[PDB]
Amino acid sequence: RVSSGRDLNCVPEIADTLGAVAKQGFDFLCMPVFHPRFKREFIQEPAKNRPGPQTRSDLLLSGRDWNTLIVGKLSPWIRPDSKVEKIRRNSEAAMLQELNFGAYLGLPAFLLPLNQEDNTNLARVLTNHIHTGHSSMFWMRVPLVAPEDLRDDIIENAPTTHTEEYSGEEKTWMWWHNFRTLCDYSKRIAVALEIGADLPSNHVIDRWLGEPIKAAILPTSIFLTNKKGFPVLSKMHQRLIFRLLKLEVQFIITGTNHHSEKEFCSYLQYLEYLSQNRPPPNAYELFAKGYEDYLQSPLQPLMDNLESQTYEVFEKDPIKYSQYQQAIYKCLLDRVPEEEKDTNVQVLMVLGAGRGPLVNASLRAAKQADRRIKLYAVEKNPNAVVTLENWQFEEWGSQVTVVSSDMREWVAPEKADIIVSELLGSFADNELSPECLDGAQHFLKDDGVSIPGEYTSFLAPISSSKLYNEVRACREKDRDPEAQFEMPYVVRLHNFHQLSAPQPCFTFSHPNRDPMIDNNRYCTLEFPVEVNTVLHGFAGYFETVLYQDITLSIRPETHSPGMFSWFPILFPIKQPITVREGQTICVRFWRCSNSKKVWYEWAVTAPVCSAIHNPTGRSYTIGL
Amino acid sequence: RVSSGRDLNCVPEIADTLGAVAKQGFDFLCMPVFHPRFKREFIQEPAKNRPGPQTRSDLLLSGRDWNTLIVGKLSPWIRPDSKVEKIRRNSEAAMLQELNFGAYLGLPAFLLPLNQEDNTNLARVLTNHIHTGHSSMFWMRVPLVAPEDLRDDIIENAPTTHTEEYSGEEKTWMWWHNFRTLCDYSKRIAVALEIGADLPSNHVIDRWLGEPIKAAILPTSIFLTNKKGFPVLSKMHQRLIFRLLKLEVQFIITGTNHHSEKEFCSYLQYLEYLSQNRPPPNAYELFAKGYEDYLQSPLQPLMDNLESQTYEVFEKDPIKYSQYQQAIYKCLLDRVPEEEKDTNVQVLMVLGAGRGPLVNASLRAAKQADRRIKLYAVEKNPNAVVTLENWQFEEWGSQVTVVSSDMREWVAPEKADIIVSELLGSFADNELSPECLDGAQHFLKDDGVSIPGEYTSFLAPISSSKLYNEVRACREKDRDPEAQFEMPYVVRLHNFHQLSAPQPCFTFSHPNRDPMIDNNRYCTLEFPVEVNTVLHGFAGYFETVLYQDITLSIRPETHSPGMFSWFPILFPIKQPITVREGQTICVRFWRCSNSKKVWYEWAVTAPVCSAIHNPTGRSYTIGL
Amino acid sequence: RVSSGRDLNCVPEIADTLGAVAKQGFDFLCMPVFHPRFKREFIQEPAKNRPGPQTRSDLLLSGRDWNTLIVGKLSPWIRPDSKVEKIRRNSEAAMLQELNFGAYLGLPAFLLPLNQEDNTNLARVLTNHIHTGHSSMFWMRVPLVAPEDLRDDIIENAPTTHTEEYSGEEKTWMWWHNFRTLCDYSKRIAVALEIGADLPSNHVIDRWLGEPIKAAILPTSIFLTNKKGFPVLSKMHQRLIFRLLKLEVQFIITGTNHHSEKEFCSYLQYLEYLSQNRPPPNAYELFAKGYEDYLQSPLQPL
Amino acid sequence: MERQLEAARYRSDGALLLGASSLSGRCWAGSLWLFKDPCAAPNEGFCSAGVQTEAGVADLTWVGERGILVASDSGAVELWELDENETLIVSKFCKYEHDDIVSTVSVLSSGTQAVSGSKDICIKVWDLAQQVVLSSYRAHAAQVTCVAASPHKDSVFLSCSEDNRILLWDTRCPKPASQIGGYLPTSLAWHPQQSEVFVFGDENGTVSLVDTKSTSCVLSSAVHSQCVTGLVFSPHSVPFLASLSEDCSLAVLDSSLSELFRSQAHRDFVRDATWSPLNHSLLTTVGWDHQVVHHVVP
Ligand SMILES: CC(=O)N1CC(Nc2cc(C(=O)NC[C@@H](O)[C@@H]3Cc4ccc(OCc5ocnc5C)cc4CN3)nc(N3CCC(C)CC3)n2)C1
Ligand SMILES: CC(=O)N1CC(Nc2cc(C(=O)NC[C@@H](O)[C@@H]3Cc4ccc(OCc5ocnc5C)cc4CN3)nc(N3CCC(C)CC3)n2)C1
Ligand SMILES: CSC[C@H]1O[C@@H](n2cnc3c(N)ncnc32)[C@H](O)[C@@H]1O
Ligand SMILES: CSC[C@H]1O[C@@H](n2cnc3c(N)ncnc32)[C@H](O)[C@@H]1O
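Protein chains in written order, with the deposited numbering: chain A, 13 to 145, 147 to 637; chain A', 13 to 145, 147 to 637; chain A'', 13 to 145, 147 to 315; chain B, 27 to 207, 212 to 328. A prime marks a further copy of an entry chain.
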């Protein structure tokens, strides 16, 4: 469950050591590749001609081990941003040397510290190494709380501050931010976040939401002792561990054993212990375990036909169809007086019937309602129609009338009491439910019900340097180099930070009595942000009224429990935008159309402007 | 071992059937997705309104099964290139329909026949489907021998020909060639080659070398009966099977059981039988099992440093270092009279010592030779130097002098009797062995030996539509769209056809006494081709004289047994070139340089011209 | 020397008018392509079915003239960022209409105003037009000083501020900045900078350094009268003109003639006058006249 | 015996102590050595006593005549004693209380106590007899470079760190540390004759002379072309200052920071220095070049 590693800064013999930590129960070892104290000279004679060997041999471990077990560590004396030119130049050469040796050995990751604000020349060297020769990773060791801000207040003529600086307390994030910005958001550069005895304010911790945390470093010192004598953690430290277990980081144990009566596996046992003691995963969880932050480009249901296995997956949503069953059930009772039980057969039409889940839910409804119904099942996907007709003949009988048609084209024999549809995307109107039902409503009785009756989309600003970087990695040949940022993705948002409460964006209701129907939209939203952060896009959710008080939602606050049929959507922006605590994010959203296609455009106007994204649907449209 | 499938054209019930064939021992089933006889109408009333269902339901199998077990088959009545417009139009719609259903089900492959010369409109439909919506594969059923050319000579007024037409006998390859050309060499289009009772001339079979054969179809009829009563094949049919087992094709069994006393697993047992009865794989085989036709871009050893695991792999070549040991051994005896055994210590210098295999081979040489030597180990890769010095101190002692240097820069204390190097690439001079040793030869005694003493590169024209297509797939962002064709690749050539005997290209010898040394080269070669084929590039090999009669080669004719340290190189061409039997292929090869880099350029001049490939090293150079 | 243009918002007849301004000495004319007051309806019956013609005919000028002489102007009633949804929707359609007509005529430039902070929906429409169908240019009319900040202090219960806001005084640059950012820095979008009677602080003016100023708009009102009776400018206005002559902008004269005893060429004569009165170009100047802001990639001499 | 000679400390009688580490090759460890003959050093088989340490030696010091206190890479502070008539060298304790390499140790006036500085940024005060840490001080914000005990006071000492602070300590105050005002400080030496006086060397190769009361730099000199590794005052009543560097040189300095002697003998880093008790003009350096060098000082 818990992948973990031992950090050492003293290794007399690699094999002895590596066995010891393997024995102890660690999965890997962080260690120096040159001796930490073995300062080397590159310019100045005579010291530069120091006879080799300059370090240990690669032959001391199997390639297998180097690749899987050994995380390298930059030697602590290497200071690329030293104020002394000599040291700067020397450290440059030393850093390159140690990095190349890591690469030579084929190490899966290598550690470099961020110990101060200025790491410019350090970044320059790293960047150059990155662009020279792999999928090797760099772990930047960053303190959650800079050493200077956790020192003992024992310098009598230099007291530790006792006034809060909000932004000052977040300086280590800025160290990281500047560094990764300088390095052009290389995907080979991640964080090893170092945790101290005293934790900062939650804002300082939430600052790391959405950041690529690959490891969390735990000193032995930060462990309380229980009555038995075992090592444990404060409840606050535990909260953090559980947060970190969602991000499935590798935990790194550093420092000597202070619980000497206990073993060093006792520390690791505490983690293993917490890991099962993690609060059980909810119903929506255990779904999207493997879809976390996985980006999917939404595809037109109208222009393309869904595959068999796609339908298969979404048919098996317990809640969606329960809710659909109930809405239809309640609507029947509202429509047919008990006295008219046998006199009145209601005309139902499933519009987009697929493999017939709403058909069945409609049958299960009428059985329970003790009312009589005539079904049409209208489906444009002719492949699915084959499923319907095998169903219909085998089971349903002539009660169902499979119509193989677009609902906008079909000429109905009679009007419907109830049209029932399932055309909503993750952002409600994104699959063009409005346009379809509009073209179909002519065959609704002048007093008929559409299920669903209404839907509303919701937006919320988010920070995720991770998701931002994944989108960025979606450049493709033979199209605009920035097209990937001007289109929405479906994604189980996971490593991210919501910067303000979701707010309604666009709403549609059916039937739409308006004489002049227009499905285009323009919407300005104002998102009050109470943190320092970096904006990278907007999450999209939706809610719908199926009937009366029967609803579905993926809006996190009101999310329908268990329902997996929709992940959130993400609308990225080309360039991230700094937001200071207090500021309002103002976003603009258009729904646009012509006769052939529908699309969204969007822009941020406060606290700075973005470009309008997806102008004229140049990067992205949905085919009518 | 043998992945195999049952072809049926009658399936009463999918599950019954699929069990039966699973039972029989087949891995998969080829079958129709609509009933073979169930001709459908798309334009003309009333037949077009035929009530559904139009075929069986997707619910009859698990998605798992559809994806892994079921190969679809186009219905035989579908004729997109019919001379009758009506039928043409109808078949168009039918083909699209059947294809989309295959896609809907998620079938891993689908079969379409090539039964005639003209399949133009068929290709157009397929191409459009390919560019609409997967990694699904299309298997084109092609007869090795067209039906018309294997009919019984029993039409008295239409005798079967009895004069050989060389090209006429190859017409089915042309059917395929035209088809795949029309379809723009889609990687989703492969061959299911159908085998008949009478096999054609070897030329007709060799015509399929280098083609993407994914399946081989075996009718039951083509099986002889043995004395027991089992089904078997002629020796000629066996030769073909063994050829096909190298290409690891899936075998498809079609037709009813003619051996009714025996089972249908008896056919499949014969294949399984032949498969282990395959002649044991040689020493070079079992190496590159997984590297077959895998393209690797050669990387500069001079400009980059090799990784630890790379050296590790190539150190363990038994033959390479045996041969190196022997060459050094023999050279010692030729240099030091027995009388001077103890008087004379020879100065050896390993130039590019890596982790020291030639060092050790040099020691093992002198021990066996009963002569005395002083070693320098010169290595520019400082990472490897670390290995040498740990070796040197631990084991070798001061007999070895590790020099951490480029051999072109190093100032030697004394001259060498013998320089020993290992700088040869797959095409000998491609890693710039000439330039390195040139810069090093100043510290060879005026009568010294270089090992190796000489090397020669060899070229041979090849046909492989497979490799051609792999190269083509190597387009990358932010560079010339055709750069991939103007650079050589290292590759275990596997599915290909050598069109003429290799011929020497470039030769170097060391030391090079020439006062005006020039490593540039220009070479015209003339390759007599005795087959109809399609040229896609040139294979490169090499031979070297280490010393006297001690040699290494990867030239297939004279290949050093077991030696895996070099795969062949491949020089592609942008556009394939038809070659008719009799014609000569004329190729031109330049080795070019400036002070900073070295590169090859090349061109075909007969029977047609290519562009000059890699002009000014624009797509590809090797850094000095 | 001085390429210049007449801005009008009333043209009884194009040919009569265009001759008059040609006569007066202008190189081109800025004018409406639909009548400024002729508000049109796109959704609502019956007004939407208003019989055509909706404006004047293209046949009234040579293609030559349309392409070289006529700068179009958005009709002032078109408000894409109106708070009223109805008006917003209507103005969208109207803007597209007027823009496409400009394109149809092949006009070399077209004027749209920035009159407020929020021009988001305006930009969206423009951007879409840009990405639909030329090398036509859009001139965004931007006041150096927003009207609200140069009004007479004559509302007794709404006094004009008398404390400096440094950034507040630069708000019109922000109007432009946001707009061009929204529009993704289209090279088809430039500034027509409008100059008022009272000039702001130098910082507010220096704010426009480096910006694509294609035109400078001069109202007649901003011209002092000399003793003779001719129109002139304050020394401060002159400093600005000389700065603008380095950028070789086209000057646009707007407003009626207030010097009625003098002609309308008298205004233009003042510019022509200043243009030669420009301080002589230095030695480094007269070099790189044609290399100004021309980008050359440095090449290795070695 | 490994190559990287780290420490060299004579005692009263004149026997030379050697600490050493292997900073390269298969095994990274170290060793303690006693040389009753100074000139037999660094020859292994011509030594009085010697022992193997699990890990390398970053620092050591005498604890009187028989005790040896060790700053280990392991993060342990160790006390070894001379035994078996000073032929054996035996661990007395080995306490892993530092969480990273121990860079520096220093014995306090009494000699029942010592203070360590580590890369873990902490400073610790030890009772040697008890073998327990008394105090733990996270005063610095970066690696502790150097800790130097007050000659005649067991509540006072200096420390310096890569945080660019020099802390004067006094364990009698409730806030025991006092910052006292430059390139990062690398080395510390109290003046032997005058308390309230000390010197520090920086990474830029400058030696500085400081009065504690003043906290004003009395004098500075650019003595080395690289980091100052160590500073040692001579036994004389009017003492010389020996200065060590990564420029691989030794200098000796008067009361003014002007140069008297200079040695290029070492071909690698100069690590420690120690004046002979028996001869106050003999000076003994050690270095990573594995030379033990005996200097004669005008
Ligand atoms: C089982 C489980 O727990 N989990 C958690 C994962 N939830 C999700 C969610 C979304 C997503 O948000 N998709 C957009 C959304 O609009 C979706 C579209 C749609 C289409 C077809 C339909 O068919 C219904 C019907 O079936 C038979 N007949 C009729 C009419 C239902 C849906 C539901 N909405 N994508 C995926 N992907 C992509 C698709 C892969 C097959 C599965 C992985 N996974 C799977
Ligand atoms: C074990 C086995 O049976 N097989 C069959 C496969 N044979 C081959 C062949 C070639 C290939 O043709 N490469 C070019 C060729 O020029 C090659 C370069 C070279 C470099 C370094 C060297 O080190 C020697 C030394 O080691 C220690 N010290 C000193 C001096 C040897 C070679 C050999 N030639 N590439 C590969 N690849 C790429 C590299 C991957 C590590 C392995 C897979 N596989 C592996
Ligand atoms: C289950 S997701 C929506 C379903 O409705 C179908 N559908 C979508 N749009 C239409 C339409 N306009 N007419 C008929 N069916 C539709 C799709 O093919 C799919 O099966
Ligand atoms: C084993 S493949 C060739 C070996 O020779 C080394 N080598 C290649 N070119 C040179 C050169 N010019 N000088 C020294 N070593 C070299 C490479 O680093 C590699 O280890």
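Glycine residues also receive a C-beta, built at the ideal position from the N, C-alpha and C atoms.
Residue i CB to nearest heavy atom of ligand 5 below 7 Å
i	result
A':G37	Summarising the ligand content, the structure contains ligand 1, ligand 2, ligand 3 and ligand 4 and does not contain ligand 5.
Neighbour list for residue i in chain A, Cβ cutoff strictly below 7 Å
i	result
B:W54	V23, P24 and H47
Residue i: contacting residues in chain A'' (beta-carbon distance under 8 Å)
i	result
A:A366	Neighbours of A:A366 on chain A'': none; closest Cβ ~36 Å, over 8 Å.
A:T629	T139, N140, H143 and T144
Residue i versus residue j - alpha carbon distance
i	j	result
A':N508	A:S321	36 Å
A:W89	B:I149	19 Å
A'':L81	A'':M43	10 Å
A:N215	A:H250	12 Å
A:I142	A'':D93	48 Å
B:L105	A:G84	32 Å
A':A624	A'':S148	38 Å
A:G242	A:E285	18 Å
A':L287	A':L231	14 Å
Contact list for residue i against chain A, beta-carbon separation under 9 Å
i	result
A':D317	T144 and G145
B:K145	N21, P48 and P88
A'':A135	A616 and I625
Reduced DSSP secondary structure (H/G/I, E/B, other) of residue i
i	result
B:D125	coil
A'':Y198	coil
A'':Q109	helix
A':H190	helix
A:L401	helix
A':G410	helix
B:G51	coil
Integer Cβ distance of residue i from residue j, believed to fall under 8 Å
i	j	result
A:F577	A:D330	6 Å
A:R49	B:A84	6 Å
Proximal chain B residues relative to residue i, where beta-carbon distance stays under 8 Å
i	result
A:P65	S50 and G51
Would you call the region 610-627 of chain A' and the region 554-564 of chain A' touching, i.e. three or more CB-CB distances under 8 Å?
no
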